[PDB]
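Note that the protein sequences, when read in sequence, are chains A and B. Just so you know, this note's numbering puts 731 at position 283 of the first sequence, and the rest follows in order with no gaps. Just so you know, this note's numbering puts 521 at position 73 of the second sequence, and the rest follows in order with no gaps. From the three backbone atoms N, C-alpha and C, an ideal C-beta is built for every residue, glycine too. Step one of this worksheet: look at the structure below.
2 protein chains.
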Amino acid sequence: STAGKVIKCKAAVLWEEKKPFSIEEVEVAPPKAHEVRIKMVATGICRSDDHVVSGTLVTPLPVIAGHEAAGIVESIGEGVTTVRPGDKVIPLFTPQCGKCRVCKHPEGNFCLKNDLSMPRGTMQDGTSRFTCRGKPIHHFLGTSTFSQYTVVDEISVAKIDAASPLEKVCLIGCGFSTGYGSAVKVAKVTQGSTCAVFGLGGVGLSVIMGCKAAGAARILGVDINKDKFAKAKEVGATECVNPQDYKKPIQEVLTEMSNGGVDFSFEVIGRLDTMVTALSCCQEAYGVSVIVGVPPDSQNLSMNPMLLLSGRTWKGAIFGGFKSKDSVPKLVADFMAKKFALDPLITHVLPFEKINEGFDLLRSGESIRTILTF
Amino acid sequence: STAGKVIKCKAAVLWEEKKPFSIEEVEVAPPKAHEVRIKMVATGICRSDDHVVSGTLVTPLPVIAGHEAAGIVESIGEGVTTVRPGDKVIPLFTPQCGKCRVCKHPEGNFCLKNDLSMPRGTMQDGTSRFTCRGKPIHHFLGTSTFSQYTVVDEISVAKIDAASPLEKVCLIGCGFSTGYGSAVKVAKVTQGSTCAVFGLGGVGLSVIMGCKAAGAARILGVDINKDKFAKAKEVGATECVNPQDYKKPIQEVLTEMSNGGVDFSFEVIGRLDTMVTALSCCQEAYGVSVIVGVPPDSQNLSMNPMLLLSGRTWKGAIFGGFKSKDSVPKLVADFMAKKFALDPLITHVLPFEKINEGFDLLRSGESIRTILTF
Ligand SMILES: NC(=O)c1ccc[n+]([C@@H]2O[C@H](COP(=O)([O-])OP(=O)([O-])OC[C@H]3O[C@@H](n4cnc5c(N)[nH+]cnc54)[C@H](O)[C@@H]3O)[C@@H](O)[C@H]2O)c1
Ligand SMILES: NC(=O)c1ccc[n+]([C@@H]2O[C@H](COP(=O)([O-])OP(=O)([O-])OC[C@H]3O[C@@H](n4cnc5c(N)[nH+]cnc54)[C@H](O)[C@@H]3O)[C@@H](O)[C@H]2O)c1
Ligand SMILES: OCc1c(F)c(F)c(F)c(F)c1F
Ligand SMILES: OCc1c(F)c(F)c(F)c(F)c1F
Ligand SMILES: [Zn+2]
Ligand SMILES: [Zn+2]
Ligand SMILES: [Zn+2]
Ligand SMILES: [Zn+2]
Numbered sequence: 449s450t451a452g453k454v455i456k457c458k459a460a461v462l463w464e465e466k467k468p469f470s471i472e473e474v475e476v477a478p479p480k481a482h483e484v485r486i487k488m489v490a491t492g493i494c495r496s497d498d499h500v501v502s503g504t505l506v507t508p509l510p511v512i513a514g515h516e517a518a519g520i521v522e523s524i525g526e527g528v529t530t531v532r533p534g535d536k537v538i539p540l541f542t543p544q545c546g547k548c549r550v551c552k553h554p555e556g557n558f559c560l561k562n563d564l565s566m567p568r569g570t571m572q573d574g575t576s577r578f579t580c581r582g583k584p585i586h587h588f589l590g591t592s593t594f595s596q597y598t599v600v601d602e603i604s605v606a607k608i609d610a611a612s613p614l615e616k617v618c619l620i621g622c623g624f625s626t627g628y629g630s631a632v633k634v635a636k637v638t639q640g641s642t643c644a645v646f647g648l649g650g651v652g653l654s655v656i657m658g659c660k661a662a663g664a665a666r667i668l669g670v671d672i673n674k675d676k677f678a679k680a681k682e683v684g685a686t687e688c689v690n691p692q693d694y695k696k697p698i699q700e701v702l703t704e705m706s707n708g709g710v711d712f713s714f715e716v717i718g719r720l721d722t723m724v725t726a727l728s729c730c731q732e733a734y735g736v737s738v739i740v741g742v743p744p745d746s747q748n749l750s751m752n753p754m755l756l757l758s759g760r761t762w763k764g765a766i767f768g769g770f771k772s773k774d775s776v777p778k779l780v781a782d783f784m785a786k787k788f789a790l791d792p793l794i795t796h797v798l799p800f801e802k803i804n805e806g807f808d809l810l811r812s813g814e815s816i817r818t819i820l821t822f
Numbered sequence: 449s450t451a452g453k454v455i456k457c458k459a460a461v462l463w464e465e466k467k468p469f470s471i472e473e474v475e476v477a478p479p480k481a482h483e484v485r486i487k488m489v490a491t492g493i494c495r496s497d498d499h500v501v502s503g504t505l506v507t508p509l510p511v512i513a514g515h516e517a518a519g520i521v522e523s524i525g526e527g528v529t530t531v532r533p534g535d536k537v538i539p540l541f542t543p544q545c546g547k548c549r550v551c552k553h554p555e556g557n558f559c560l561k562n563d564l565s566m567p568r569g570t571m572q573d574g575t576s577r578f579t580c581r582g583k584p585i586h587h588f589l590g591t592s593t594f595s596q597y598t599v600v601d602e603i604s605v606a607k608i609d610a611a612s613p614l615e616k617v618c619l620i621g622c623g624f625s626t627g628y629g630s631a632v633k634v635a636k637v638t639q640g641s642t643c644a645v646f647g648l649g650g651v652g653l654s655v656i657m658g659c660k661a662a663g664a665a666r667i668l669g670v671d672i673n674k675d676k677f678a679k680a681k682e683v684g685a686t687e688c689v690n691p692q693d694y695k696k697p698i699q700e701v702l703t704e705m706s707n708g709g710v711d712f713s714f715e716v717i718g719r720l721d722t723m724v725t726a727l728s729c730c731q732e733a734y735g736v737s738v739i740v741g742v743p744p745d746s747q748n749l750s751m752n753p754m755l756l757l758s759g760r761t762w763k764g765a766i767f768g769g770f771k772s773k774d775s776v777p778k779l780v781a782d783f784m785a786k787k788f789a790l791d792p793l794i795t796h797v798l799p800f801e802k803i804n805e806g807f808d809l810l811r812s813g814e815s816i817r818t819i820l821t822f
């Protein structure tokens, strides 16, 4: 038995920015009250994880990163009612406490217990369950999935279908749900509309999936890497454009293509300039633009508010606007019911021990999602 | 018997920025095809008219300004079908051509025939109906209401109830409709919500009226001029705050007051800083902020897109999001049935000839709306 005992296991520890992950032995404490210790089965490589390495995202180091994953409950602390040992689960990088003003609001999902805004890198109780070489190691978004075992707060885990294929449904933990929800729930893309999607990575392809599902007539994919176009078309893009191909700025190109601006635009990269371009390319009177990408820490964009005064709507969202604990099990059920596909997002499957190679694939432009298997 | 003839009349011509209006004789050409010549009865002094004087709003000079008004049709050009001589009318500074993509859109109102985005200061045919001292004088937003007679395109005029009191209902031509629509139509303020309204002039008061009509539980008025607070409370503000009274920035004060941020905020001033403050003070996950104020020409704001990524919605609107020609007659009908009040906005009345004194009253902080009678 491992319950109630410290587990020694393998994890990918990030000791400092801009270095490879160190794959080594860590100690994982048993869960305290209202906590859940999970044996990880599969975890995806999201660009947000790379942002921690690059310094685009600031979070306390050293850290066990990883937030897009699925595993099986090893044990539960006192008072846990929502999962049991043996359950398949997905860690929730946006928690759902169920009690705060946001959780109580019909539209809101950015639960006040989150560790994104002001990251502490701990459990809810302000402590860490991880040590490595006798040093405490920070958590990441209350998830820390780049480890054979993690411990999460109960509000940061959802029970999912016992028959789920964990090496696919881990994508529901971030990239798929984010993209899909940003289209269907946050933008509320309409039938017959014209959409523009900036960035054709895992998250942008999921936005295309959601736009198609919502009945968009035109879905214009935008990427500087033309190698991304074929897959974008497979999942629903009607045309793809590379800004580098044009003499005019792409907002102008897109406005011309859409005969005066798009209905819905999406920034799915993480650049300040493309956030403004995506806003500008939506129709000035009734267009809607959704920011999905994570921008570099502490940088402000510059924009002319006349873009809004004419009637545009600008919004952003975390995790596709989904209330995480309510939504994740339904999304997995929908997947098992063949309501959407995940395979188009998965280009590579590697053992966990090849985590660095997985990051290199992302950074080189060659992968969409690499799934790491434990 | 003036039909088909040039009319000589008095108008308030602005020859130069930052100068008084010159009340002097102009020549008003008869209406061409699909044009309407109107004998003005009443016009309000809106801060946007002052922006033309101050150079906050750039439009070609010399100009006859004025956009919030009502009058009586003197004559119609060939092919006009929607008004007749003798009809009471309100000029529409935002046209409604009924044919463009925006007019056909269920939500949009910023008709593509507008003269706001890239002002030419002409009629739709790119010419002027006004001469003064033998020189052509520009139009303003297709309306030019600071004149005993004006000529407008058919798409820029609405027929209103023959029994309308024009000295009141002129406010439906800008300030009332803008503020009230910004709350009820653009923001979609909900029952029991908390709203913050920045700027307690004619338009901000109208926002308050709309928030109260929509059932908001708390309506927090924000102004640096505490003399504006009494009237704001009369029309439904539950609390008023002066940023100058506080050591902390007003977004922090308002967040504290609202136990974590407001449901709906409105910028109704025209400052880049208060646009960002207004966004910040809405709840980060589900808050909505609407820009109503007109910013200084060609200036960009700076903001951190994390304010949006958490879930905020930011939008702007012209004329309260109302399709102008459909909406103005209904707004008048509703006023006549006492569905809303206009008297709280009217603080001063003056003859047209005292237009400069009207502007002095606004600039001093003393007036809300001065109504000028011809
Ligand atoms: N809001 C959320 O909850 C959320 C969730 C998941 C991902 N993210 C962010 O979303 C972004 C996309 O993540 P991902 O899909 O995993 O990343 P990714 O797989 O790197 O995809 C990004 C794509 O953007 C393309 N790109 C780069 N620069 C430009 C440019 N200038 N113009 C057009 N295309 C360009 C690039 O070629 C690549 O295909 C990242 O910033 C993530 O951090 C946010
Ligand atoms: N979007 C539209 O269609 C539309 C329509 C009508 C008016 N406008 C604009 O809306 C704004 C308000 O017009 P109005 O009500 O006629 O003007 P106004 O009567 O000058 O009211 C503005 C109020 O803002 C207050 N104010 C000034 N600076 C600050 C500050 N730093 N903090 C808090 N309050 C401050 C000021 O004391 C005054 O009561 C102007 O910019 C107009 O140009 C836009
Ligand atoms: O990819 C999901 C994701 C985000 F959307 C963030 F805003 C963030 F800060 C982060 F760390 C993260 F993982
Ligand atoms: O007050 C209404 C009003 C506006 F909202 C503008 F954006 C503008 F440019 C203008 F001239 C105007 F009069
Ligand atoms: Zn919560
Ligand atoms: Zn992610
Ligand atoms: Zn139109
Ligand atoms: Zn106005």
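- Spanning the alpha carbons of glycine 519(B) and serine 604(B) requires a straight line of approximately 13 Å.
- Residues of chain A whose Cβ lies closer than 9 Å to the Cβ of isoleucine 739(B) are, in chain order, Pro753, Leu756, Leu757.
- Counting only runs of 3+ residues, the beta strand (DSSP E) found wholly inside the segment 454 to 513 of chain B occupies 455 to 461, 470 to 476, 483 to 492, in chain order.
- Contact annotation, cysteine 548(B) with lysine 561(B): C-beta distance approximately 7 Å; criterion of less than 8 Å satisfied.
- Of all residues, those with a beta-carbon under 5 Å from at least one heavy atom of ligand 8 are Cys494(B), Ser496(B), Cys622(B), reported in chain order.
- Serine 625(A) and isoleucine 524(B) have their C-alpha atoms spaced approximately 58 Å apart.
- Shown here, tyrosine 628(A) sits in a helix according to DSSP, grouped into three states.
- When DSSP assignments are scanned along the segment 549 to 581 of chain A, the uninterrupted stretches of beta strand (DSSP E) that are 3 or more residues long and fall wholly within it turn out to be 578 to 580.
- For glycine 590(A), the shortest separation between its Cβ and any heavy atom of ligand 1 does not lie below 6 Å.
- Annotated three-state conformation of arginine 817(A) is strand, per DSSP.
- Contact annotation: the segment 633 to 650 of chain B touches the segment 714 to 730 of chain B, with at least three C-beta pairs closer than 8 Å.
- Close partners of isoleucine 766(A) in chain B (Cβ separation under 9 Å): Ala733, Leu757, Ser758, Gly759.
- Listed in chain order, the non-local C-beta contacts of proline 479(A) below 7 Å within the same chain comprise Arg485, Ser523, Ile524, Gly525, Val599, local neighbours out to five positions each way being set aside.
- The alpha-carbon of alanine 477(B) is positioned some 7 Å away from that of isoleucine 455(B).
- Using a CB distance below 8 Å, the part of the segment 532 to 554 of chain A facing chain B consists of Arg549, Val550, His553, ordered along the chain.
- For the set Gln596(B), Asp573(B), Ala635(B), the Cα lying nearest the Cα of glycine 590(B) is the one of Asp573(B).
- Non-local C-beta neighbours of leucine 505(A) in its own chain, meaning closer than 8 Å and more than five positions away in sequence, comprise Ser496, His499, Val742, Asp745, ordered along the chain.
- Non-local C-beta neighbours of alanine 490(B) in its own chain, meaning closer than 6 Å and more than five positions away in sequence, comprise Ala518, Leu614, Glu615, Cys618, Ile819, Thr821, ordered along the chain.
- Of all alpha-carbon atoms in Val531(A), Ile585(A), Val501(A), the one lying nearest the alpha-carbon of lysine 773(A) is that of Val531(A).
- For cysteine 643(A), the enclosing beta strand (DSSP E) has its first and last residue at 642 to 646.
- For the pair of segments examined, the segment 795 to 802 of chain A was found not to touch the segment 654 to 674 of chain A: the number of CB pairs separated by less than 8 Å stays below three.
- Taking the Cα of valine 738(B) as reference, the smallest distance to any Cα among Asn752(B), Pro753(B), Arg760(B), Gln747(B) is reached at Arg760(B).
- With a threshold of 7 Å between beta carbons, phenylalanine 558(B) makes contact with chain A.
- Contact check for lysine 681(B) against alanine 610(B) fails: the beta carbons are separated by 7 Å or more.
- In the three-state reduction of the DSSP assignment, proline 533(A) falls in the coil class, being assigned neither a helical nor a strand state.
- In the structure shown, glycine 663(B) adopts coil according to DSSP, grouped into three states.
- Cβ contact annotation for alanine 685(B) (same chain, cutoff 6 Å, sequence separation greater than five): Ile656, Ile667, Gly669, in chain order.
- The distance from the Cβ of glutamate 516(B) to that of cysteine 494(B) is about 5 Å, consistent with a contact at the 8 Å cut-off.
- By the beta-carbon neighbour count (other beta carbons within 10 angstroms, threshold 16), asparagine 557(A) is buried.
- DSSP, read as helix, strand or coil, puts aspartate 782(B) in helix.
- The Cβ atoms of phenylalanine 594(B) and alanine 665(B) lie no closer than 7 Å to each other.
- Bridge pairing for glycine 764(A): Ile739(A) [DSSP].
- Not flagged as an interface residue toward chain B: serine 706(A), since no C-beta distance is shorter than 7 Å.
- Closest in alpha carbon position to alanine 733(A), among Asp711(A), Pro554(A), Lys467(A), is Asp711(A).
- If one requires a minimum length of 3 residues, the beta strand (DSSP E) runs lying completely within the segment 686 to 728 of chain A are 687 to 689, 712 to 715, in chain order.
- Straight-line measurement puts the Cα of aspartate 675(A) at about 40 Å from the Cα of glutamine 731(B).
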